[PDB]
Number of protein chains: 2
Amino acid sequence: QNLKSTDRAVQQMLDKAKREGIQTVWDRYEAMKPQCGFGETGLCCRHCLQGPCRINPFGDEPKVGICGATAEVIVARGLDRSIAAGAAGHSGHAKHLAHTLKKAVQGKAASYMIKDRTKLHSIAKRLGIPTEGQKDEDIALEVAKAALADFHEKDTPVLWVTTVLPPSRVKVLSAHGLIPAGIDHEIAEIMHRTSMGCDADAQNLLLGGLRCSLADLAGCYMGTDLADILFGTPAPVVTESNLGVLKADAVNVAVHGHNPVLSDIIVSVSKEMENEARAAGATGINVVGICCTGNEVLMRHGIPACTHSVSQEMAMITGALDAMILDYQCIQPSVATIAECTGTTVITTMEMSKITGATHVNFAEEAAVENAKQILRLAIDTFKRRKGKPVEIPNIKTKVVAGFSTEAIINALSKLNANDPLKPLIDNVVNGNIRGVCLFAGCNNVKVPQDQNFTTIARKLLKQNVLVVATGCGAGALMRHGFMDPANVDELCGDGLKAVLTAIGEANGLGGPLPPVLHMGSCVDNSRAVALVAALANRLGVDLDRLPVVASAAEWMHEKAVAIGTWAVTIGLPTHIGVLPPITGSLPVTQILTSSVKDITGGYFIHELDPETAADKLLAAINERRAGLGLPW
Amino acid sequence: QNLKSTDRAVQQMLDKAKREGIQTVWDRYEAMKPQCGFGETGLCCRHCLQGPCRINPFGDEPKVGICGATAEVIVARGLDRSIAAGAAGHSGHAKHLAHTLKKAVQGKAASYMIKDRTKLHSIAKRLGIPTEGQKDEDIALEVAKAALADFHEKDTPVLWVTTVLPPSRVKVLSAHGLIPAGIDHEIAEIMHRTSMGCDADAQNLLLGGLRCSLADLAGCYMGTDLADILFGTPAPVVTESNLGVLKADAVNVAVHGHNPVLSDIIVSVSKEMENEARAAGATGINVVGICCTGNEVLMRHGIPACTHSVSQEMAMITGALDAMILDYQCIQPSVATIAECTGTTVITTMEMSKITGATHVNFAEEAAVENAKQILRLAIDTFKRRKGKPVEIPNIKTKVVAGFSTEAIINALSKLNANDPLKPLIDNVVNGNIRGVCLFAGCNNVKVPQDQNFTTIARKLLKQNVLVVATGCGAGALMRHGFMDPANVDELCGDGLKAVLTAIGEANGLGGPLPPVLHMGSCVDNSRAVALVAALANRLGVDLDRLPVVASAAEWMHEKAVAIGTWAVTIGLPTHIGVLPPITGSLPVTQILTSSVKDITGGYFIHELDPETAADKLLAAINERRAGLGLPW
Ligand code: SF4
Ligand code: SF4
Ligand code: FES
Ligand code: FES
């Protein structure tokens, strides 16, 4: 099972699933081999009913699509549609939060409120919304209206791009025509230009994709902003991760998906029903997190993280998961079928994301508490049905310190330098104690033994004094393998990095270091990493493509991650990816994305399937940035 | 060549292309056989990087996607993305026209203006925009702002749906949650819900697709409305069609694509440069139409139609096409390569639709006349380079009467009944002189011998007294085969239909009948057919799903046509399609689209590849509608 996942709890559940005859994502992957090479290389098009068209990577015909579309056009159109689909997910998430904030401040959903007033006021100031002499409710109404206005064309471009990046970066992007005009406007323009008989020039197509990736960045940043207003900005928290966080004697309830608009309410209400859970034979309600909704409630409330991404079915296989409460994105629809065998109640909550065979509860903000109680009572019923059944919860978990929002990181640094908090971090970059910064982001992917790339790359970078930050299922991989436990700083970190983590932690009263990797939150919270490095760029007076900062989507899968990787390149970062997207069928497109885009944005993709080689390539990229600043390396 | 196209001019050019070694769409189709059966059946998914996934239609594994997505989910997600892409094209077209109208009435593009004041005022009244005491420029500004507001969520739903359909139809759709909230909002929601780990219930997915198809209908109707304001509502015109409209001694200039925002200007300016063309050895500038931009200028100015859709390369093969001026949609990118062999200057004009190897001229409304002159002068240069070269223009053309906007049809009927113009048409439906109405719409498709389905079906329906209306490349097929020549009424039409066409034509002073088929314009002008049958429904006091009205997308290809076919079903029409979309891999999805959707909208798809059978099925559908009204059949 170690060829399937490097997580020992996951291996144990894979053995249970095998002896019980329950098919897993890994079994369905094996059943798909050999996968289609036209699709793997990108040389397939279904954009009209004259198709499907394909192109042989090498050899004889077919050499061109029926309409005349070349390999370069077919590959670029497919990639653009992936970016648009990712943008549509992150911005659908943000849009829902904008509507929730509007409802809350109009008096229409009393379960929601302005929890972070300081964040509200700073966002308003960032956007140019007046604060002086205005009620908080009116300021928030203005912020929500601004959020919704960024989805369509108006007199200004998308402010959740233009107000969040360094001004020199906005100027470079504007010169290339890359600033989005409206989030949904760009998504639709991608769908139009990639339809049959439309854009047929690879460079033109890819420039559009870069612009649409910035629409995705805007949705990410808007989602983080709005979730912080509504639910609180994260601050450092201590919790646990992996399947051992489930409790045989408790009602185990997983929140799963991405938008925490209901799961934050699930967390609050579950506490109020401890007595009702005790009447039914449980110690209480044990809410646990899967995927990014789990990251949201871990970051804000220290809810323990059960599992992530590719291994999500394994939580059910324990027999102890009484309910799995779904919103949208990254939910394997197999969970609805597996629930019959495991007894778990799978509940969908969003009108646009239903799964056949799952129970649906129509969540509405105005009725959020009622909804959480109806849902949680289905879970309590389920816990009672499994009275006196054996469960197999692997006794495996790690300690996790998390909650490193950008505000929290700046605050931690301020204990070393109150009036210039970024300076101690920059001081240590310049002197070599910190070699650079790497963001790990994105999913797991069944093609890669689970977590193998994240942990192999992270280990090498930490030994070379790289400050490592992580989001999404990259943070999930690292937390499940101990990278967020400060007890592992001695083992994992080079002496320079250890010195800095210790100095910061000791100034924060911890008597011990910050953890080896800083968890910055969910996938939308990749925007927090942008805010951090944008602040660093502005303090140094340079653009992001001169900083020793790189990213690695080491095991990526989702269209959302393709969008994130593309905006990382667009804002100027060397961006490693550990699974090839469907681009190898076009050498011209591959050359743009890995080389010549440098001349446009200063970023570039680094394609490397071997994680040891990937770490060497990321260190090389960091060290070239150091050299361009005149720093030793 | 008659297996490739039923058009004799196209056959002649296929022989020339073969002896000159020029590859055509038909050659590229042959080179693609056998096409992938997974893609043909819809059983392929590439929505994440764990793919590509496929499902065997029958037999052993693979049976399910890697994430657990079933065949039903995979097929429904793919179809939904096709509908969203079509909506993005039609509404991108409409959005561009909305911006053009706004620029014109703000004094920013003097080459554009309010040409149809009556249409402006009726659209304003339809939307609830006040007209009394307002300048036309301010009314138009309000209409343009309303058009742009329908792209995003607001306090009202999409008004270019809710104000254009019968109220009972709006109520049925609203009860099922099918009214779009915003055009680009729906496109993005489709992209989100169909991304990995999101919507996984076929019925839920398909309901979303029906809603997004109504966003497409809104874009079509908005595009027709705005183009009529800016360029004039069509009225009956007489012109010609087929390759014989090219002239060896003239500068032959094709306008090709969909948005006539520049080609209408091309038509005006070309007249002003007749003298400049005469200096270079030509008789003048002969502007001809390809595809829907050609339909737009045919409908408004009687510009002759050169060719359409699948056969567009053949116009170049004559050797006499000096320039082909492109905007977007349905342009085979092969034209840029074929131009090297034929001498044609291929010019792109829109930033989001470029073709490698074509010359680009950045069109801007503010500089429209300058742009048309720069473009037309490239064409005059090209005509001079082919001095003393042999050209092979097939001496083949038909007479075309066209320009039947809904306003023109109502006006023609008003000569029989001034105060109740629809009554004479209804009178003849009730008495059997008109059996019903069929709209032919959509593309040609290389899988079908060109025009064979349109003409075979139309011939049978006309003999059975069906009033036939046509748009897009369905109108192109019928015009090229004589169906728009009133001299063919005796041959083609049953006695009842002939009586009505003659009575209407004689009351309109023609001394002769209306043509056998009424050309209602471009693909967006399918909205005109909606306006006509909506008016008929309102006059009879019933909904569209009780009228003897059907549609046939007999040779369809583009994602835009998939969207149109889907909204035809959604508004209540039996809708024949002559090429199977990628749905046969899921029996549950096929059953929804061909049967059970009747219980939702009253419309349904009729899947029939055999055009003689299709005509029988369409007549059966018409006759069942007649029976439901108590009419003889
Ligand atoms: S758009 Fe072109 S390449 Fe794609 S399926 Fe249609 S004919 Fe084939
Ligand atoms: S979304 Fe599911 S079915 Fe589609 S490629 Fe990804 S794993 Fe395969
Ligand atoms: S031929 Fe396999 S992905 Fe299309
Ligand atoms: S396997 Fe051929 S279309 Fe994907």
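Hydrogens, waters and symmetry mates are skipped; everything else that's a heavy atom, side chains included, is used. Below, chains carry the letters A, B, ... as their sequence lines are ordered, and counting in each starts from 1.
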Checking [Y] against [X]: is there a side-chain donor and acceptor pair closer than 3.5 Å?
| X | Y | value |
| --- | --- | --- |
| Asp199(A) | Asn204(A) | yes |
| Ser91(B) | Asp216(B) | no |
| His360(A) | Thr348(A) | yes |

Leading residue by heavy atom contact count with chain B [cutoff under 4.5 Å; candidates [options]]:
| options | answer |
| --- | --- |
| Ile183(A), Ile187(A), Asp184(A) | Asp184(A) |
| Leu580(A), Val448(A), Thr356(A), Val562(A) | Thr356(A) |
| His192(A), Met191(A), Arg46(A), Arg81(A) | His192(A) |
| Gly257(A), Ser334(A), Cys330(A), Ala358(A) | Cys330(A) |
| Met350(A), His99(A), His258(A), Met196(A) | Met196(A) |

Under 4.5 Å heavy-atom distance to chain B, tell me which part of [X] shows up: side chain, backbone, both or neither.
| X | value |
| --- | --- |
| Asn445(A) | both |
| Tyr29(A) | both |
| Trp556(A) | both |
| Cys291(A) | neither |
| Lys560(A) | neither |
| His152(A) | side chain |
| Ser195(A) | both |
| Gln329(A) | both |
| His90(A) | neither |
| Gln203(A) | neither |

Throw together a table of side-chain donor-acceptor distances under 3.5 angstrom for residues 31-42 of chain B, partners on residues two or more places apart or in other chains.
from     : atom 1 : to        : atom 2 : distance (Å)
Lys33(B) : NZ     : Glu30(B)  : OE2    : 2.5
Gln35(B) : NE2    : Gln50(A)  : O      : 2.8
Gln35(B) : NE2    : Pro52(A)  : O      : 3.0
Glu40(B) : OE1    : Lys447(B) : NZ     : 3.1
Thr41(B) : OG1    : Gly37(B)  : O      : 2.9
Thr41(B) : OG1    : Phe38(B)  : O      : 3.1

Can I get a per-line list of side-chain donor-acceptor pairs under 3.5 Å for residues 63-76 of chain A, giving both atom names and the distance, sequence neighbours left out?
from     : atom 1 : to        : atom 2 : distance (Å)
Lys63(A) : NZ     : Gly59(A)  : O      : 2.7
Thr70(A) : OG1    : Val73(A)  : N      : 3.3
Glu72(A) : OE2    : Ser586(A) : OG     : 2.7

At what distance, to the nearest 0.5 angstrom, does [atom1] of [X] lie from [atom2] of [Y]?
| X | Y | atom1 | atom2 | answer |
| --- | --- | --- | --- | --- |
| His256(B) | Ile331(B) | NE2 | CD1 | 5.0 Å |
| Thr337(A) | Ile22(A) | OG1 | CD1 | 11.5 Å |
| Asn259(A) | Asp327(A) | CG | CG | 5.5 Å |

Are the aromatic ring centres of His185(A) and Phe151(A) under 6.0 angstrom apart?
-> no
Residue pair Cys45(B), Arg77(B): steps toward the side-chain contact (heavy atoms from CB on, under 4.5 Å) verdict | CA-CA 9 Å; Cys45(B) 179; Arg77(B) 293 191 305 197; 3.4 Å; yes
Between [options], which shows the greatest number of heavy-atom pairs under 4.5 Å with chain A?
| options | value |
| --- | --- |
| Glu189(B), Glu313(B), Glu153(B) | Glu153(B) |
| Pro62(B), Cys48(B), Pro333(B) | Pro333(B) |
| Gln332(B), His93(B), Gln23(B) | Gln332(B) |

Considering only NZ, NE, NH1 and NH2 on the basic side and carboxylate oxygens on the acidic side, decide whether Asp201(A) and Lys354(B) come within less than 4.0 Å.
-> no
Do the charged groups of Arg28(B) and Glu61(A) touch, with an N to O distance under 4.0 Å?
-> no
Side chain / backbone / both / neither for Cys44(B) at chain A, heavy atoms under 4.5 Å = both
